[PDB]
Amino acid sequence: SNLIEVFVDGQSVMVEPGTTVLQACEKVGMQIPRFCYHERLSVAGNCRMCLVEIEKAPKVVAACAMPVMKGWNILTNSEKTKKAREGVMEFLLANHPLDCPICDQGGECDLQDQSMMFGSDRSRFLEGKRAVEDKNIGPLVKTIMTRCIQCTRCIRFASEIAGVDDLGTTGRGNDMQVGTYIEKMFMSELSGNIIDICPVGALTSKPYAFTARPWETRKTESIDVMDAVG
Amino acid sequence: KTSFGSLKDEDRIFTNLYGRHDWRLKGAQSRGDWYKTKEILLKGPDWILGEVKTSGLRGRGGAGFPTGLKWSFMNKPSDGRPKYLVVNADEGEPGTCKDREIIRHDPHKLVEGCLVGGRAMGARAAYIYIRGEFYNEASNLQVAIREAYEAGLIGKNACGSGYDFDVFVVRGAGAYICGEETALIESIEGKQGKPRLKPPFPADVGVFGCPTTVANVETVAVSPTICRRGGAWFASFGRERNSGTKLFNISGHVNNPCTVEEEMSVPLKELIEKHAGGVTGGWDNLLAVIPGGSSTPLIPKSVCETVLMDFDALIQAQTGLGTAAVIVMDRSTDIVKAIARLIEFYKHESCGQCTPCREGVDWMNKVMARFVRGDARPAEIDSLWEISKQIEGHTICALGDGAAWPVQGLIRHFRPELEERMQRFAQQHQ
Amino acid sequence: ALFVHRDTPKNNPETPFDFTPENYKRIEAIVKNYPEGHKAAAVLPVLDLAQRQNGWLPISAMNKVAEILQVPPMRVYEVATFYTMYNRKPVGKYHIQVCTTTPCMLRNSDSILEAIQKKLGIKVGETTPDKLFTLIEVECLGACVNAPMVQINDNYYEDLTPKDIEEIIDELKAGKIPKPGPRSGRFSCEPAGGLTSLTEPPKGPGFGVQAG
Amino acid sequence: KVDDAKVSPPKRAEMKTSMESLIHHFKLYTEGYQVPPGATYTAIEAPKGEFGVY
Amino acid sequence: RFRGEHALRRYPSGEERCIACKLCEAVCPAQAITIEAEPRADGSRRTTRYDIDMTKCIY
Amino acid sequence: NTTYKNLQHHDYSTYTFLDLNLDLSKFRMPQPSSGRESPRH
Amino acid sequence: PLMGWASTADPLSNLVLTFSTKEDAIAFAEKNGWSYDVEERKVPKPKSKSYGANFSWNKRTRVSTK
Ligand SMILES: Cc1cc2nc3c(=O)[nH]c(=O)nc-3n(C[C@H](O)[C@H](O)[C@H](O)COP(=O)(O)O)c2cc1C
Ligand code: SF4
Ligand code: SF4
Ligand code: SF4
Ligand code: SF4
Ligand code: FES
Ligand code: FES
């Protein structure tokens with residue numbers, strides 16, 4: 001009656017039909033590391049981080065957008081799964097600038113945490129390191145577009161929640177500038193909610209910009225005002 | 001079994017290579033089109049699929065997926081969503097002119113084949129995607145569509161029977177990625193050309209959400225000839241996995257660089273010299289041979305003097321066979337420079353979905369620049385080997401893979417010229 | 001290559017831009033080909049009509065295409081910044097594409113590059129201090145089987161040499177245009193030896209077939 | 001030091017031109033590297049005697 | 001390599017070398033560093049208050 | 001036949017693709033709709 | 001008033017006690033005497049999304065960008 005058998009490294013569990021490998025892996029506790037997938041949006045696949053060696057397959061496949069046939073076994077802690085994670089994490093940090101002091105996501109990065117816990121240590125790629133000059137999106141949202149890892153999360157957020165359709169990919173190859181083409185100061189509702197979407201330090205708060213770095217500040221429960229929803 | 005195979009006349013699948021007797025549906029009827037096709041259509045598409053798998057058609061365009069398995073996936077029972085046939089006609093793998101010849105001298109057999117493919121799987125409309133480089137040949141295709149419509153035999157209620165089938169033509173805008181399997185589909189959709197993810201197949205969700213498929217022009221051309229001719233007459237030319245005729249063309253360094261139909265297997269020295277002039281400077285002048293085009297590793301001299309031209313043979317040679325640029329190159333050119341220009345081409349045309357092809361072609365372009373100038377260490381050439389092991393298959397499409405393979409072939413074969421180049425740079429700086 | 005607009009008028013909407021009602025009938029044929037429910041698929045043919053009407057597309061052309069196809073303009077800006085046939089910089093009458101990658105460069109395109117350079121004067125990638133000579137070198141086009149090639153506005157030139165460079169450029173100065181086909185004889189893509197192709201007039205439907 | 005940059009911080013040259021080494025420098029000095037759970041004991045010979053640490 | 005005075009440096013004919021990136025207060029094992037940061041009218045990120053407690057400084 | 005049977009391509013003007021698409025618009029079955037007229041209606 | 005710091009007369013201000021179950025939390029809080037406010041655990045809600053549904057035909061779930 002609508003169940004699917006998978007083995008997470010031997011531990012059997014049941015999967016509803018149509019869902020992903022990733023929701024079942026998060027059901028058993030294993031957080032497969034992700035960059036483009038986010039549960040409030042649709043499923044892109046453009047970050048490639050969620051590769052996992054699924055058995056009897058020479059090719060290692062994504063986990064955010066895989067249909068779940070009956071009777072899997074999912075090897076998360078294998079050899080070439082770790083090798084693919086090392087490779088992808090080495091690819092991300094190539095054209096990313098040395099801005100971790102002047103970033104605003106020092107305590108709250110994603111490249112930093114996942115490159116400690118999953119990446120390599122000795123870097124490579126001696127020369128190169130192109131840079132994309134920033135834009136002026138809005139006076140409420142400070143924007144540096146060199147740190148953009150082109151992950152296509154703000155674009156999906158715009159076209160699927162905001163409905164404004166002002167952010168887009170421009171170019172090919174390495175050169176993909178993400179933003180608005182026409183020098184237009186992007187101003188709409190929920191434009192303050194894009195600084196929490198952007199997983200790397202490429203879209204930060206403008207009025208907050210350089211007052212603290214989030215290990216000093218303590219976090220406290222409270223209830224919203226000014227809206228009747230809270 | 002043939003002794004390695006060669007061309008026997010009138011066993012050509014299509015005649016009228018260039019400029020022959022006319023260019024007309026009447027000339028198509030004289031060459032063998034619109035002949036007894038309704039009795040083939042009204043027998044049942046299962047018999048057409050049996051005829052094609054009797055011929056055993058290996059899929060073209062340098063992929064390897066056979067047509068019979070694909071169009072047997074296309075036998076889904078018809079729901080409320082229609083079925084579409086997309087005829088891809090770009091020419092990547094620079095060196096090609098594969099179907100430029102076909103769409104310039106014979107669109108009528110393509111019309112025959114798209115009608116056959118539309119009947120053989122429940123398809124309803126066929127979009128034919130031409131490269132944007134081909135305005136004049138596209139207008140020749142439009143004239144041929146006008147002639148086939150003006151005959152009153154395709155469009156609505158084809159072959160006299162109650163079976164409508166419409167064909168449209170969409171131009172390209174200039175890309176390598178629009179030739180691929182699914183970026184084609186979304187380039188038709190008006191969104192910018194970007195491939196989808198594979199485990200949702202095009203035969204389940206395709207052009208906006210319909211079970212469609214994509215055929216190469218050589219498959220469309222060979223398809224009505226197998227229907228109108230006997231079973232496995234096509235299959236008697238070559239081996240058992242791959243079977244039939246293929247365009248082996250030298251677009252490159254020979255005297256009179258040109259195009260020939262041949263069978264599936266051929267001795268390579270007869271192929272190069274006894275059909276297309278001669279090698280520039282003789283057989284011993286060339287440094288190496290690339291088959292396939294640009295998504296294929298190289299083949300050196302001591303391997304190219306003996307290896308026959310089969311798909312299984314080039315699997316045994318760790319390469320992949322494609323079309324029309326089965327060419328040699330001279331010692332007088334530097335293969336490092338040639339492959340570096342090819343990597344520059346790969347950077348200039350690639351979409352930016354996947355991180356690894358993007359950054360890998362970035363590193364390989366800058367590192368092949370530092371190799372042409374020779375400003376590196378041997379750990380760098382083995383690092384280029386390591387990254388070419390890392391990239392391959394970790395993407396969506398095969399452009400990253402086809403950027404991995406030439407680096408692989410260059411490292412597997414032509415180490416000593418790299419070492420001498422770097423030693424001469426050391427002598428230059430010191 | 002500066003993928004952000006940065007108006008610089010002779011751009012800066014509204015630049016006055018409008019078509020011909022005959023071209024409007026072309027537009028209705030184009031969005032009558034594609035099925036109802038997915039009107040947004042004809043963006044590239046309508047923008048191709050805009051380029052063929054006015055040789056390079058301004059931003060007001062993109063606003064016009066967006067209002068005709070009733071889409072937000074951002075998809076039109078994506079398709080304009082994505083492909084190759086659409087040059088957002090203003091160009092001249094004739095447009096030179098010197099194609100050189102794998103058979104073309106390896107069959108000595110650099111002689112043709114030198115010939116174009118020291119005949120025209122302006123450097124590669126740039127434009128000219130007049131019209132009709134916007135020169136760019138380009139990647140592969142498909143037509144590979146001959147000498148490295150030149151594309152001008154919907155026409156080809158193969159089997160080149162610097163005297164043919166002088167002839168074709170002086171005749172585009174004069175205005176008389178040569179053929180799209182090959183040169184040095186061999187009137188198509190030909191095996192240019194002793195005619196190793198078919199010679200007999202082919203039979204076709206007459207001889208032995210089966211189940212037909 | 002060890003050649004395991006996720007435990008010992010790198011040096012200045014790679015620190016001023018890397019990316020992974022700058023990230024490792026930053027988070028290694030802010031958070032401190034994670035240490036797997038468990039209880040260990042060891043003891044060496046201080047000049048007094050058994051200097052033990054648990 | 002003696003450790004004494006707790007002095008600051010600056011750029012060659014340039015501005016203050018500090019960015020206020022809070023690493024020294026994140027590592028300061030008696031928390032004697034106190035950094036409150038603001039950007040100025042230019043745009044480069046800088047400080048307001050950079051205090052060393054000489055009592056707590058273990059050096 | 002060793003004579004170039006083309007040059008039928010040679011007269012192609014820069015409008016002819018849209019001209020042929022224009023003139024061949026008849027016998028067009030209705031390109032089947034789906035609910036709304038557009039993704040945003 | 002001399003350096004611009006945040007002093008406090010609160011020794012208990014920087015306590016935290018990370019536990020594993022709500023039952024032992026409430027038991028320890030009632031064992032050690034003071035009052036307590038229990039907020040309940042909220043998991044992320046499981047959803048139903050698919051890439052083919054992002055490529056719909058006559059359903060409005062359409063990606064509209066890629
Ligand atoms: C890297 C790559 C490049 C391709 N380039 C072209 C091309 O230029 N033209 C084309 O018609 N198909 C091209 N294709 C598609 C293949 O020809 C593919 O085999 C085709 O969709 C179906 O061919 P088959 O069914 O005969 O195997 C390309 C595919 C890939 C992966
Ligand atoms: S701006 Fe941020 S969210 Fe948007 S694509 Fe770039 S990294 Fe992703
Ligand atoms: S987003 Fe980039 S610059 Fe910012 S902390 Fe992370 S890696 Fe450093
Ligand atoms: S490998 Fe590169 S060119 Fe191919 S789909 Fe991925 S990003 Fe695009
Ligand atoms: S905040 Fe501290 S660590 Fe950072 S630049 Fe200033 S003095 Fe150096
Ligand atoms: S999470 Fe699956 S690829 Fe981004
Ligand atoms: S490389 Fe010049 S045409 Fe293909």
# chains A, B, ... in the order shown; residues from 1 in each chain; ligands from 1
$ residues_near_ligand --ligand "ligand 3" --cutoff "10 Å" --atoms "only C-alpha atoms and all ligand atoms" --output "PDB file with N, CA and C atoms, in the first residue's frame"
ATOM      1  N   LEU A  92      34.333  24.691  -6.405  1.00  0.00           N
ATOM      2  CA  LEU A  92      33.604  25.892  -5.999  1.00  0.00           C
ATOM      3  C   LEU A  92      34.541  27.007  -5.563  1.00  0.00           C
ATOM      4  N   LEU A  93      35.635  26.661  -4.897  1.00  0.00           N
ATOM      5  CA  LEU A  93      36.510  27.649  -4.292  1.00  0.00           C
ATOM      6  C   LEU A  93      37.554  28.188  -5.255  1.00  0.00           C
ATOM      7  N   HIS A  96      36.310  32.113  -6.361  1.00  0.00           N
ATOM      8  CA  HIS A  96      35.665  32.743  -5.231  1.00  0.00           C
ATOM      9  C   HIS A  96      36.700  33.590  -4.513  1.00  0.00           C
ATOM     10  N   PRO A  97      36.431  34.860  -4.269  1.00  0.00           N
ATOM     11  CA  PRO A  97      37.488  35.770  -3.832  1.00  0.00           C
ATOM     12  C   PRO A  97      37.742  35.695  -2.334  1.00  0.00           C
ATOM     13  N   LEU A  98      38.954  36.106  -1.962  1.00  0.00           N
ATOM     14  CA  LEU A  98      39.430  36.065  -0.582  1.00  0.00           C
ATOM     15  C   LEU A  98      38.780  37.180   0.232  1.00  0.00           C
ATOM     16  N   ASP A  99      37.517  36.968   0.579  1.00  0.00           N
ATOM     17  CA  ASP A  99      36.764  38.028   1.229  1.00  0.00           C
ATOM     18  C   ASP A  99      36.176  37.600   2.559  1.00  0.00           C
ATOM     19  N   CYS A 100      36.646  36.492   3.127  1.00  0.00           N
ATOM     20  CA  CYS A 100      36.068  35.998   4.372  1.00  0.00           C
ATOM     21  C   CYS A 100      36.243  36.927   5.579  1.00  0.00           C
ATOM     22  N   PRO A 101      37.265  37.785   5.685  1.00  0.00           N
ATOM     23  CA  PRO A 101      37.139  38.897   6.632  1.00  0.00           C
ATOM     24  C   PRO A 101      36.053  39.902   6.278  1.00  0.00           C
ATOM     25  N   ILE A 102      36.050  40.453   5.061  1.00  0.00           N
ATOM     26  CA  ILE A 102      35.091  41.508   4.727  1.00  0.00           C
ATOM     27  C   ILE A 102      33.755  40.951   4.265  1.00  0.00           C
ATOM     28  N   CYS A 103      33.566  39.643   4.365  1.00  0.00           N
ATOM     29  CA  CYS A 103      32.236  39.113   4.150  1.00  0.00           C
ATOM     30  C   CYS A 103      31.365  39.438   5.352  1.00  0.00           C
ATOM     31  N   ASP A 104      30.068  39.247   5.190  1.00  0.00           N
ATOM     32  CA  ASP A 104      29.158  39.433   6.301  1.00  0.00           C
ATOM     33  C   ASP A 104      28.550  38.120   6.749  1.00  0.00           C
ATOM     34  N   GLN A 105      29.068  37.005   6.254  1.00  0.00           N
ATOM     35  CA  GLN A 105      28.563  35.707   6.656  1.00  0.00           C
ATOM     36  C   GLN A 105      29.696  34.876   7.221  1.00  0.00           C
ATOM     37  N   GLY A 106      30.513  35.480   8.088  1.00  0.00           N
ATOM     38  CA  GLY A 106      31.631  34.755   8.667  1.00  0.00           C
ATOM     39  C   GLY A 106      31.183  33.612   9.560  1.00  0.00           C
ATOM     40  N   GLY A 107      30.319  33.908  10.529  1.00  0.00           N
ATOM     41  CA  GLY A 107      29.738  32.845  11.321  1.00  0.00           C
ATOM     42  C   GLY A 107      28.697  32.034  10.593  1.00  0.00           C
ATOM     43  N   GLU A 108      28.116  32.585   9.531  1.00  0.00           N
ATOM     44  CA  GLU A 108      27.004  31.928   8.867  1.00  0.00           C
ATOM     45  C   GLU A 108      27.281  31.730   7.386  1.00  0.00           C
ATOM     46  N   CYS A 109      28.448  31.200   7.056  1.00  0.00           N
ATOM     47  CA  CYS A 109      28.683  30.818   5.680  1.00  0.00           C
ATOM     48  C   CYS A 109      28.094  29.444   5.416  1.00  0.00           C
ATOM     49  N   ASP A 110      28.223  29.001   4.189  1.00  0.00           N
ATOM     50  CA  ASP A 110      27.955  27.620   3.841  1.00  0.00           C
ATOM     51  C   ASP A 110      29.149  26.958   3.193  1.00  0.00           C
ATOM     52  N   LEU A 111      29.879  27.710   2.362  1.00  0.00           N
ATOM     53  CA  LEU A 111      31.153  27.238   1.837  1.00  0.00           C
ATOM     54  C   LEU A 111      32.126  26.925   2.959  1.00  0.00           C
ATOM     55  N   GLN A 112      32.138  27.740   4.015  1.00  0.00           N
ATOM     56  CA  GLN A 112      33.112  27.542   5.085  1.00  0.00           C
ATOM     57  C   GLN A 112      32.824  26.277   5.881  1.00  0.00           C
ATOM     58  N   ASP A 113      31.576  26.106   6.321  1.00  0.00           N
ATOM     59  CA  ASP A 113      31.209  24.929   7.104  1.00  0.00           C
ATOM     60  C   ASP A 113      31.332  23.657   6.285  1.00  0.00           C
ATOM     61  N   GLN A 114      30.806  23.668   5.062  1.00  0.00           N
ATOM     62  CA  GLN A 114      30.850  22.440   4.293  1.00  0.00           C
ATOM     63  C   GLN A 114      32.220  22.171   3.695  1.00  0.00           C
ATOM     64  N   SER A 115      33.083  23.178   3.570  1.00  0.00           N
ATOM     65  CA  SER A 115      34.426  22.912   3.098  1.00  0.00           C
ATOM     66  C   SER A 115      35.353  22.483   4.217  1.00  0.00           C
ATOM     67  N   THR A 146      30.632  39.311  -6.944  1.00  0.00           N
ATOM     68  CA  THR A 146      31.777  38.457  -7.215  1.00  0.00           C
ATOM     69  C   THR A 146      31.652  37.150  -6.444  1.00  0.00           C
ATOM     70  N   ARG A 147      31.099  37.208  -5.235  1.00  0.00           N
ATOM     71  CA  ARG A 147      30.899  36.025  -4.409  1.00  0.00           C
ATOM     72  C   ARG A 147      29.725  35.157  -4.849  1.00  0.00           C
ATOM     73  N   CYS A 148      28.985  35.539  -5.883  1.00  0.00           N
ATOM     74  CA  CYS A 148      27.861  34.739  -6.356  1.00  0.00           C
ATOM     75  C   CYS A 148      28.352  33.434  -6.958  1.00  0.00           C
ATOM     76  N   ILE A 149      27.883  32.316  -6.409  1.00  0.00           N
ATOM     77  CA  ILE A 149      28.300  31.007  -6.894  1.00  0.00           C
ATOM     78  C   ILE A 149      27.322  30.516  -7.951  1.00  0.00           C
ATOM     79  N   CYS A 198      20.108  33.747  -0.136  1.00  0.00           N
ATOM     80  CA  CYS A 198      21.413  33.641  -0.774  1.00  0.00           C
ATOM     81  C   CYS A 198      22.394  32.932   0.146  1.00  0.00           C
ATOM     82  N   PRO A 199      22.836  31.722  -0.199  1.00  0.00           N
ATOM     83  CA  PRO A 199      23.547  30.889   0.777  1.00  0.00           C
ATOM     84  C   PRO A 199      24.962  31.345   1.037  1.00  0.00           C
ATOM     85  N   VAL A 200      25.547  32.111   0.128  1.00  0.00           N
ATOM     86  CA  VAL A 200      26.893  32.610   0.291  1.00  0.00           C
ATOM     87  C   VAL A 200      26.822  34.115   0.490  1.00  0.00           C
ATOM     88  N   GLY A 201      27.950  34.709   0.848  1.00  0.00           N
ATOM     89  CA  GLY A 201      27.977  36.134   1.106  1.00  0.00           C
ATOM     90  C   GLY A 201      27.958  36.979  -0.146  1.00  0.00           C
ATOM     91  N   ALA A 202      26.865  36.910  -0.897  1.00  0.00           N
ATOM     92  CA  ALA A 202      26.710  37.706  -2.100  1.00  0.00           C
ATOM     93  C   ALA A 202      25.524  38.647  -2.052  1.00  0.00           C
ATOM     94  N   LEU A 203      24.594  38.459  -1.122  1.00  0.00           N
ATOM     95  CA  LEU A 203      23.431  39.331  -0.974  1.00  0.00           C
ATOM     96  C   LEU A 203      23.208  39.529   0.518  1.00  0.00           C
TER      97      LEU A 203
ATOM     98  N   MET D  19      42.019  29.951  -1.380  1.00  0.00           N
ATOM     99  CA  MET D  19      40.705  30.194  -0.803  1.00  0.00           C
ATOM    100  C   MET D  19      40.428  29.252   0.352  1.00  0.00           C
ATOM    101  N   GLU D  20      40.791  27.980   0.197  1.00  0.00           N
ATOM    102  CA  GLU D  20      40.531  26.972   1.211  1.00  0.00           C
ATOM    103  C   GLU D  20      41.337  27.248   2.464  1.00  0.00           C
ATOM    104  N   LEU D  22      42.340  30.254   3.502  1.00  0.00           N
ATOM    105  CA  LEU D  22      41.771  31.397   4.206  1.00  0.00           C
ATOM    106  C   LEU D  22      40.523  30.996   4.976  1.00  0.00           C
ATOM    107  N   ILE D  23      39.669  30.172   4.359  1.00  0.00           N
ATOM    108  CA  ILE D  23      38.476  29.670   5.042  1.00  0.00           C
ATOM    109  C   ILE D  23      38.860  28.851   6.268  1.00  0.00           C
ATOM    110  N   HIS D  24      39.880  28.000   6.124  1.00  0.00           N
ATOM    111  CA  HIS D  24      40.334  27.171   7.234  1.00  0.00           C
ATOM    112  C   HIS D  24      40.923  28.016   8.352  1.00  0.00           C
ATOM    113  N   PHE D  26      40.091  31.171   9.019  1.00  0.00           N
ATOM    114  CA  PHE D  26      38.988  31.918   9.607  1.00  0.00           C
ATOM    115  C   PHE D  26      38.176  31.056  10.560  1.00  0.00           C
ATOM    116  N   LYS D  27      37.617  29.960  10.054  1.00  0.00           N
ATOM    117  CA  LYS D  27      36.748  29.158  10.902  1.00  0.00           C
ATOM    118  C   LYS D  27      37.523  28.377  11.952  1.00  0.00           C
TER     119      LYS D  27
END
$ residues_around --residues "residue 19 (chain F)" --least-positions-apart "6" --cutoff "10 Å" --atoms "only C-alpha atoms" --output "list in words"
residues 139 and 142 of chain B; 23, 25, 26 and 29 of chain C; 13 of chain F
$ residues_around --residues "region 165-178 of chain B" --least-positions-apart "3" --cutoff "8 Å" --atoms "only C-alpha atoms" --output "ChimeraX atom specification"
/B:90-92,115,118,124-133,138,154-158,181,183-184,187-188,193-194,349-351 /C:33,44-45,83-86 /F:28
$ residues_around --residues "region 68-85 of chain B" --least-positions-apart "3" --cutoff "10 Å" --atoms "only C-alpha atoms" --output "VMD selection string"
(chain B and resid 45 to 46 48 to 59 65 88 114 to 115 117 to 118 120 to 128 167 201 to 204 206 to 207 209 to 215) or (chain F and resid 31 to 32 34) or (chain G and resid 57 to 58)
$ write_last_selection --atoms "N, CA and C atoms" --output "short mmCIF file (atom, residue, chain, number, x, y, z; two decimals), in the first residue's frame"
data_model
loop_
_atom_site.label_atom_id
_atom_site.label_comp_id
_atom_site.auth_asym_id
_atom_site.auth_seq_id
_atom_site.Cartn_x
_atom_site.Cartn_y
_atom_site.Cartn_z
N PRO B 45 2.73 0.06 -36.76
CA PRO B 45 4.05 0.58 -36.38
C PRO B 45 4.96 -0.44 -35.72
N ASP B 46 4.39 -1.51 -35.16
CA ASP B 46 5.19 -2.59 -34.62
C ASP B 46 6.00 -3.27 -35.70
N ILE B 48 7.12 -1.72 -38.43
CA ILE B 48 8.20 -0.79 -38.77
C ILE B 48 9.32 -0.88 -37.74
N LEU B 49 8.97 -0.99 -36.46
CA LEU B 49 9.98 -1.16 -35.42
C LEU B 49 10.71 -2.49 -35.56
N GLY B 50 9.99 -3.53 -35.96
CA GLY B 50 10.63 -4.80 -36.27
C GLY B 50 11.54 -4.72 -37.48
N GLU B 51 11.17 -3.92 -38.47
CA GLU B 51 12.02 -3.72 -39.65
C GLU B 51 13.30 -2.97 -39.28
N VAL B 52 13.19 -1.97 -38.42
CA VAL B 52 14.36 -1.18 -38.02
C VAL B 52 15.29 -2.01 -37.14
N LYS B 53 14.74 -2.76 -36.19
CA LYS B 53 15.59 -3.64 -35.38
C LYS B 53 16.08 -4.85 -36.16
N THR B 54 15.41 -5.21 -37.26
CA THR B 54 15.97 -6.17 -38.19
C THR B 54 17.22 -5.60 -38.85
N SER B 55 17.15 -4.34 -39.29
CA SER B 55 18.34 -3.67 -39.80
C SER B 55 19.37 -3.45 -38.70
N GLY B 56 18.91 -3.25 -37.46
CA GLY B 56 19.80 -3.03 -36.34
C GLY B 56 20.51 -1.69 -36.42
N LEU B 57 19.73 -0.61 -36.45
CA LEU B 57 20.29 0.71 -36.69
C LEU B 57 21.02 1.22 -35.46
N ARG B 58 22.32 1.39 -35.58
CA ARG B 58 23.09 2.08 -34.55
C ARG B 58 22.79 3.56 -34.62
N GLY B 59 22.57 4.18 -33.46
CA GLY B 59 22.25 5.59 -33.43
C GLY B 59 23.44 6.45 -33.82
N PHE B 65 23.39 5.22 -28.60
CA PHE B 65 22.07 4.68 -28.25
C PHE B 65 21.35 4.24 -29.52
N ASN B 88 16.75 16.85 -35.22
CA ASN B 88 17.87 17.72 -34.89
C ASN B 88 18.81 17.83 -36.08
N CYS B 114 10.64 11.66 -41.77
CA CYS B 114 9.88 12.23 -40.67
C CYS B 114 8.42 11.81 -40.74
N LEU B 115 7.89 11.56 -41.94
CA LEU B 115 6.57 10.96 -42.04
C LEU B 115 6.56 9.53 -41.50
N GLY B 117 8.68 8.30 -39.22
CA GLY B 117 8.83 8.36 -37.78
C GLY B 117 7.59 8.87 -37.07
N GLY B 118 6.83 9.75 -37.73
CA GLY B 118 5.58 10.20 -37.15
C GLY B 118 4.51 9.13 -37.15
N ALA B 120 5.34 5.80 -37.09
CA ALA B 120 5.88 4.60 -36.45
C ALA B 120 5.82 4.63 -34.93
N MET B 121 5.45 5.74 -34.32
CA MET B 121 5.44 5.80 -32.87
C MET B 121 4.25 6.56 -32.31
N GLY B 122 3.29 6.94 -33.14
CA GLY B 122 2.17 7.73 -32.66
C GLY B 122 2.44 9.21 -32.59
N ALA B 123 3.49 9.69 -33.24
CA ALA B 123 3.76 11.12 -33.23
C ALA B 123 2.76 11.86 -34.09
N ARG B 124 2.63 13.13 -33.84
CA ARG B 124 1.59 13.93 -34.46
C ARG B 124 2.13 15.15 -35.19
N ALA B 125 3.19 15.77 -34.68
CA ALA B 125 3.82 16.89 -35.35
C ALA B 125 5.33 16.79 -35.18
N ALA B 126 6.05 17.23 -36.21
CA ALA B 126 7.51 17.13 -36.23
C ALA B 126 8.11 18.52 -36.40
N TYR B 127 8.87 18.94 -35.41
CA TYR B 127 9.64 20.17 -35.48
C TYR B 127 11.06 19.82 -35.91
N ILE B 128 11.54 20.48 -36.96
CA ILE B 128 12.86 20.24 -37.50
C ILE B 128 13.71 21.46 -37.16
N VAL B 167 4.74 19.34 -40.29
CA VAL B 167 6.16 19.53 -40.02
C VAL B 167 6.46 21.03 -40.05
N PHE B 201 12.92 11.17 -18.55
CA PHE B 201 13.30 11.02 -19.94
C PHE B 201 12.45 11.91 -20.85
N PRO B 202 12.96 12.26 -22.03
CA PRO B 202 12.12 12.97 -23.02
C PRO B 202 10.93 12.17 -23.50
N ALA B 203 10.99 10.84 -23.44
CA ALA B 203 9.85 10.00 -23.79
C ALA B 203 8.78 9.96 -22.71
N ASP B 204 8.98 10.65 -21.59
CA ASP B 204 7.94 10.80 -20.58
C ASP B 204 7.52 12.24 -20.42
N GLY B 206 8.62 15.93 -22.25
CA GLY B 206 9.42 16.47 -23.32
C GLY B 206 9.13 17.93 -23.61
N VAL B 207 8.70 18.21 -24.84
CA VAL B 207 8.37 19.57 -25.26
C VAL B 207 7.11 19.99 -24.52
N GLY B 209 6.01 18.98 -21.82
CA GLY B 209 5.33 17.95 -21.06
C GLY B 209 4.62 16.90 -21.88
N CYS B 210 5.16 16.55 -23.04
CA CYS B 210 4.57 15.53 -23.89
C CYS B 210 5.60 14.47 -24.25
N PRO B 211 5.18 13.21 -24.45
CA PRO B 211 6.16 12.18 -24.83
C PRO B 211 6.65 12.38 -26.25
N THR B 212 7.86 12.91 -26.36
CA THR B 212 8.46 13.24 -27.63
C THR B 212 9.74 12.44 -27.80
N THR B 213 10.35 12.59 -28.97
CA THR B 213 11.72 12.12 -29.13
C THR B 213 12.46 12.98 -30.14
N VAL B 214 13.76 12.76 -30.21
CA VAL B 214 14.67 13.51 -31.06
C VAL B 214 15.44 12.54 -31.94
N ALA B 215 15.37 12.75 -33.25
CA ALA B 215 16.06 11.91 -34.21
C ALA B 215 17.14 12.71 -34.93
N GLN F 31 -2.97 23.03 -32.53
CA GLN F 31 -1.82 23.13 -31.62
C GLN F 31 -2.27 23.10 -30.17
N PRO F 32 -2.59 21.92 -29.63
CA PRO F 32 -3.67 21.79 -28.63
C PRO F 32 -3.45 22.56 -27.34
N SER F 34 -4.22 24.05 -23.38
CA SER F 34 -4.18 23.41 -22.07
C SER F 34 -4.60 24.43 -21.02
N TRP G 57 2.25 20.52 -18.29
CA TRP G 57 1.64 20.75 -19.59
C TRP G 57 0.43 21.66 -19.52
N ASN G 58 -0.51 21.35 -18.63
CA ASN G 58 -1.68 22.17 -18.39
C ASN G 58 -1.90 22.44 -16.91
#
$ residues_near_ligand --ligand "ligand 4" --cutoff "9 Å" --atoms "only C-alpha atoms and all ligand atoms" --output "count of residues only"
32
$ residues_near_ligand --ligand "ligand 5" --cutoff "8 Å" --atoms "only C-alpha atoms and all ligand atoms" --output "JSON, numbers by chain"
{"A": [101], "E": [8, 17, 18, 19, 20, 21, 22, 23, 24, 25, 35]}
$ interface_residues --of "chain A" --to "chain G" --cutoff "7 Å" --atoms "only C-alpha atoms" --output "MDAnalysis selection string"
chainID A and resid 19 43 65
$ residues_near_ligand --ligand "ligand 6" --cutoff "6 Å" --atoms "only C-alpha atoms and all ligand atoms" --output "ChimeraX atom specification"
/A:34-37,45-50,62-64
